[PDB]
Number of protein chains: 2
Amino acid sequence: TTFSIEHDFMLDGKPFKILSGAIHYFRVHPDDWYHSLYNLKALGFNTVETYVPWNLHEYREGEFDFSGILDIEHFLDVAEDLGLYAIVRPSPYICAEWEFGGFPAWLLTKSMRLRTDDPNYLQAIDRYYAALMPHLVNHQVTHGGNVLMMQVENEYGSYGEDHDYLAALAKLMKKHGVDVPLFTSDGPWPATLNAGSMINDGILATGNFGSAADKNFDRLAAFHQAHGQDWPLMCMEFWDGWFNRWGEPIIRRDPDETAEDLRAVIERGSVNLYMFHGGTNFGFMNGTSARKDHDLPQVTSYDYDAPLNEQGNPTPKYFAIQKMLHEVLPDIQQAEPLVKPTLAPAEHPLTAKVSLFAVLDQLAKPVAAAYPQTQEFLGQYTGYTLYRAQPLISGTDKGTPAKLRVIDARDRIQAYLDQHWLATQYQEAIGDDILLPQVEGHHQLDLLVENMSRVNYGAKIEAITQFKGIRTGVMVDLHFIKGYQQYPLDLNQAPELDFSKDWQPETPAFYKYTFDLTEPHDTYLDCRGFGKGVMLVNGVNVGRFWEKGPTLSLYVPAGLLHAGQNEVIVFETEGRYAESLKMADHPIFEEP
Amino acid sequence: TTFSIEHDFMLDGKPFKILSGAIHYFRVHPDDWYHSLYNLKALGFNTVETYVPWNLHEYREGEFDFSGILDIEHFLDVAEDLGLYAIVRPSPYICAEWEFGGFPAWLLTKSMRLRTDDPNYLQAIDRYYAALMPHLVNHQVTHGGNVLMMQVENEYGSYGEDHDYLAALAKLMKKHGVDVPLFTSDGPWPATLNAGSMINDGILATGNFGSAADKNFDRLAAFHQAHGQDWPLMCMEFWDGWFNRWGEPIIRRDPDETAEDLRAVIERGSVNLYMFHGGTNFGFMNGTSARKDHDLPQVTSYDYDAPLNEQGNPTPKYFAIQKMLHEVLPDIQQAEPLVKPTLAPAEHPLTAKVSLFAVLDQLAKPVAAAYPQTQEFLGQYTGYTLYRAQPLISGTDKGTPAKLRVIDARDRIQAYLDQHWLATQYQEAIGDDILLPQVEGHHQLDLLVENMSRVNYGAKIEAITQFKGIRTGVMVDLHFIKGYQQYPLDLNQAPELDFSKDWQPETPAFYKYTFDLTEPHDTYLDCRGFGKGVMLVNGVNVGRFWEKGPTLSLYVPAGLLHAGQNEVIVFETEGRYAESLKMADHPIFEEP
């Protein structure tokens, strides 16, 4: 296969229209890759597109992983065998409604200005690319594979205008053997395109939008023409749905209107559906939005109201788009989409339960320090961090109870004295006075701090709030306390816990539901009756839950289950839990 | 003279009651030191007390100054010659309602945790003490001088409980030859005393309070006794007035009640009046209070409703205290206090005026950078910093005006495009959208940023907001801009400015009032008719003004004036100025 960019995309010397769909391999169990890709082919599309998440492939510095759900080579193979081409977007920053926009948390511990011409930043990318690009180079069409082109950065005109950065990053990609055509994507209007594109370097600029295709392509064309380029018009992200956030209602886009809006793109050029199949933000990898200085975390589900639902099954939107495509491009071969079944509903009794405080040393090796550090400096890049102190409590000026204040912490703190709950503070409320029990002497202060994920877009990508944990300290009366034990909790140790140890009410705890399955199928965990936390299925954290809503369940793919004895462990922080774990055949929702 | 601490203070073998008054040499023109000290002796007091401000003595790292108003040796000499003893408090942190509580701003550029057992912190103190302590050592009573005692830290129980820090600091003081008795001062209640005192090291703990002397001395005594110490009770700060902040009304404490409250201290032990004579926060050296995350800057005047007013003249409170002391201790010799005159009122016409933008290169050598730094990294530790960029302005998504946002800046920003005012944002408002003119191409963006002073007490001493200037960047539309010229303005160059250059309305500008005086006297500059800024008298910045109030004038001592041709230069940022500078014989006030 040959691929180059002229007036049209030229594939094997012939004008080509790219019909792409976004599937993030890292958001879908590898057992279901074939399924989703097949359904992309069945729609009538010729290409699949995916980001590459730096913060999963190099979760810890120097510890690379390209196995299982991170095996991008196998992903691209399955696509090729189904006769799909591919677009890869291996930017250090991917946005993607994803923890820190894809940046590894350990970058925060370095002296480094992200998304700029910073030598330490570019070097770290160089070292990342040394591990990644061997898994991509030979998948290029130039090496007999199916990868047509690769993106430089991601919507950089929506963050900066450092052109030396873009040029340096492109050079890095080429140095690691990327010889396929390169491109940028941006909002299709002058300010973003001027700042974000590499048009003066002869590199194709594309546009991201979800409507008004004529308006947007007109501006994109105008930009091309102003730089004397004769290029194809491609919507590199056609937002055919939207993401959801905790406490905000679900956003639903009419299937047929979506098709109509997509029609106008296809008439005038190429397109990539964002998303085609969205899948799931497993573990702690959800992203976070920011309005001014206020953060708004995104939910576990990345359904995205996409053509395929979270599970991977076809929606009315899929069929409306399939119908529309056959009207506009009748020669494209189509097929019926595959549909996966769901487990029959069931309820499983509580097997055992144990409090966090009882099993602390199975979860983490404590780091002693005079004063506290954020989790990144403890070598923890996601999840929960417990800070323990033994503060002296003593009489106050006015005789009233001594005030506890947490100074400079994110995102959510729970405070305990002698393992009894005092207060819960979220974001801006952190720093408000917490009245201590009127007691005497030294007492055990516990602060469980949750990282609810780092902002993935906009001004706050490098905000001081991107550091998670306690940054400054904790005050009793008028003084900062000294002497902490810092527990970076690894909840992936949850299956090794000794549940025969004690449980206490109104306390973070683990709850085990052990149960037998005759045959594994896709299913939904009902999270109603639990307060807040995460759930692990056979040792794998499938994501967060919160009574706040609107999502009140967790998708669990069949691949995480097996015939025989299965195990779900719930980590729950509010003290609200269910006597039986219910599994349902549909996703549960509530109005927030 | 001999001095030691037993049940009483022992001076020359005999029980001694310390009657001290706080006079900050650095807040009073050296010509008026004799005056203020004389009035302290005339009150019937035997001792004077002063802080030592690290951030004036070592304003820039390695540049020590002990001359003029910073000549502590001459200060202590004048006191001795008047037959006063002295207490010096040479802590790195002095609080004192003073810029950064006395810490040099360049400490922020170092890797260092303030007021803790940090080796880099202690080292920097060691180096400071190498320069300072030679100016103190020989003034000790042990070397024939008049200094009785010296404080370790300042109200450390109102910040931390790191005892290794206190012990290390005491050791530093002794290493530099401090052999006089040491003490700590704190709020007189267990929590502060437990955290802050050095009682277990045999070092006297004292208490700070402004009322309820029996309640407070009872707690202080109880603390002493609990550690098996038999010690004198001393109020190391008797708050006999209070400080003021911009936008808050003046606080006035009844003269006679003050005397009564002070009586109860003197009956039971020793005392130091805070303040006896408060004087003036010259230049930019005012302090700042914090409530949670919200900063509240203190005013230029440090009148403090003290026995001596800002000028140094005796108030009803002085006389009430003098009377009270003669009742309780009739043998103490007293005298009539000295009273200084004031200039007769006058008005001086505007001589010349010039805009800041016209004289930028006389004020500062610009530092070029791709991205902005806070003033500390530019070598500027107080005052105003102008950031200049040349951002490309171009069409937006919706066609509406492009939004300007300042990301992470403190304390107050003024934005201009092509030297025309756009917006002014204070503290929390910084980051709100500023609508740019609907224009095209590159344009000059100017951001004048004011440091209104770093927090001097409490949780925020090491807050990220203690960095002044632009920390993160400036956004146009969705992108951070690249390319700044950074001007660290030195307003002390104001007399060298070429005023024949152009002036423009609604623009930061300098306004010169040149005028003749037959004989110099103390006076007040009337700041009504000016918006906000500072005033320099014969090249010396006498402090800030603001129409906000309640203080609407600036005290000017006679020592800053001379017979012949004098010069006042106003730097004013809002665009509101007076055609004539009025000088009044009393301080002007307005209701905020």
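For neighbour counting, all protein chains shown are included, and Cβ atoms are generated from backbone atoms with ideal geometry for every residue, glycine included. Read the figures in this text as sums done on the coordinates, not as results from a lab.
Of B:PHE66, A:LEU296, A:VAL474, whose Cα points farthest to the positive end of the dipole of the protein assembly as shown (charges on the beta-carbon: +1 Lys, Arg; -1 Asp, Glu; origin at the Cα centre)?
B:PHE66
As an exercise, find the ratio Rg/Rh for region B:454-564 from alpha-carbon atoms, using the Kirkwood inverse-distance average for Rh.
When Rh is taken as the Kirkwood radius, the ratio is 1.05.
Once every DSSP H run of n ≥ 4 in chain B is given -39500 (n - 2.57) and the sum is divided by its residues, what mean residue ellipticity at 222 nm do you get, rounded to the nearest 500 deg cm²/dmol?
Taking each H run of at least 4 residues, the total per residue is -5000 deg cm²/dmol.
Report for chain A the percent antiparallel among DSSP-assigned beta bridges with both residues inside it, nearest 5.
Among the beta bridges of chain A, antiparallel pairing accounts for roughly 75 percent.
When each pair of different Cα atoms in region B:67-120 is counted once in the 1/r mean, what is the Kirkwood radius in angstroms, to one decimal?
13.8
Label position 7 Å from Cα toward Cβ: report the copy-to-copy distances for B:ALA423 in nm, one decimal, ordered from shortest.
So the label point of B:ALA423 gives 3.3 nm to the other copies.
Need one number: nm distance between label points at B:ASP164 and A:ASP201, each 7 Å from Cα along Cα→Cβ, rounded to one decimal.
Result for the modelled spin labels: 4.9 nm.
In nm², what is the average projected area of the convex hull enclosing the Cα atoms of region B:232-289?
Average projection, Cα convex hull of region B:232-289: 5.2 nm².
So, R0 is 45 Å and r is the distance between the beta-carbons of A:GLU547 and A:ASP12; what FRET efficiency does that work out to, to 0.05?
Efficiency, rounded to the nearest 0.05: 0.25.
List the distances, in nm to one decimal, from the label point of A:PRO119 to the label points of the same position in every other copy, shortest first, placing each label point 7 Å from Cα along the Cα-to-Cβ direction.
For A:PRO119, the other copies' label points sit at 2.7 nm, shortest first.
What nm distances, shortest first, do you get from the label point of B:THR2 to those in the other copies when the point sits 7 angstrom along Cα to Cβ?
10.6
Could you state the orientation-averaged shadow area of the convex hull built on the Cα atoms of region A:356-489, in nm² to one decimal?
Projected area, direction-averaged: 8.2 nm².
Any idea which of A:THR424, A:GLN373, A:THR385 is furthest toward the positive side of the dipole for region A:373-432, if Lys and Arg beta-carbons carry +1 and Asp and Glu beta-carbons -1?
Looking along the dipole axis, the top candidate is A:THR424.
Mind checking which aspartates and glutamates have their C-alpha under 13 Å from A:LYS317, skipping anything on the same chain fewer than 8 residues away?
Excluding near neighbours in sequence, the set is A:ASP240, A:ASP254, A:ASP256, A:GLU257, A:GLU260, A:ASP261, A:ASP303, A:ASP305.
Taking 20 °C and 1.002 mPa s as the conditions, I'd like the Stokes-Einstein D for chain B in µm²/s, using the Kirkwood hydrodynamic radius from alpha carbon pairs.
For the chosen part, D equals 85 µm²/s.
Counting DSSP beta bridges with both partners in the protein assembly as shown, what percentage is antiparallel, nearest 5?
Bridges in the protein assembly as shown that DSSP calls antiparallel: roughly 75 percent.
Rounding to the nearest 10 and keeping the result within 0 to 90°, find how far the Cα-based axis of helix B:213-226 lies from the longest principal axis of chain B.
Taking the Cα atoms of chain B, the angle to B:213-226 is about 70 degrees.
Taking all pairs of distinct Cα atoms, average 1/r, flip it, and tell me the Kirkwood hydrodynamic radius of region A:408-459 in Å to one decimal place.
Averaging 1/r across every pair of different Cα atoms and inverting gives 12.5 Å.
Distances over 17 Å make up what percent of all Cα-Cα pairs in region A:163-274?
Working: 3648 of 6216 pairs.
The proportion of pairs with Cα distances above 17 Å equals 59 percent.
Against the longest alpha carbon principal axis of chain A, how many degrees, from 0 to 90 and to the nearest 10, is the axis of helix A:316-328 turned?
Approximately 10 degrees, to the nearest ten.
Semi-axes of the equivalent ellipsoid of region A:3-328: what are they in whole Å, largest first, if each equals the square root of 5 times a C-alpha gyration tensor eigenvalue?
Working: eigenvalues 138, 114, 89 Å².
Each semi-axis is the square root of five times an eigenvalue, giving 26, 24, 21 Å.
Nearest-5 percent of antiparallel DSSP beta bridges in region A:3-328?
Here the antiparallel bridges make up roughly 35 percent for region A:3-328.
Among the trypsin sites (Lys or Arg not before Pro) in region A:379-430, which ones are in a DSSP loop with at most 16 other Cβ atoms within 10 Å of the Cβ? Mind listing them?
A:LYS398
Report Rg (one decimal) and Dmax (nearest whole number) for region A:1-95, counting Cα atoms only, units Å.
In order Rg, Dmax, the Cα atoms of region A:1-95 give 14.6, 44 Å.
Could you tell me, in Å, what Rg and Dmax come out for the Cα atoms of the protein assembly as shown?
Reported Rg and Dmax, both Å: 35.0, 115.
Could you identify the residue of A sitting closest to the A-B rotation axis by Cβ and state that distance rounded to whole angstrom?
With distances in whole Å, chain A gives A:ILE464, 2.
Taking a 32 Å limit on the Cα-Cα distance, which of the listed pairs A:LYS171/A:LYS460; B:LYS460/B:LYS512; B:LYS41/B:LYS468; A:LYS110/A:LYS482 fall beyond it?
B:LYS460/B:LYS512; B:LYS41/B:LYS468
Any idea what the dipole of chain B comes to, in debye rounded to 20, about its Cα centre with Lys/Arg Cβ at +1 and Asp/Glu Cβ at -1?
Roughly 1080 debye for chain B.
In whole Å, what three semi-axes, largest first, describe the equivalent ellipsoid of region B:199-354 built from its Cα gyration tensor (square root of 5 times each eigenvalue)?
Ellipsoid half-lengths, sorted descending, are 35, 23, 13 Å.
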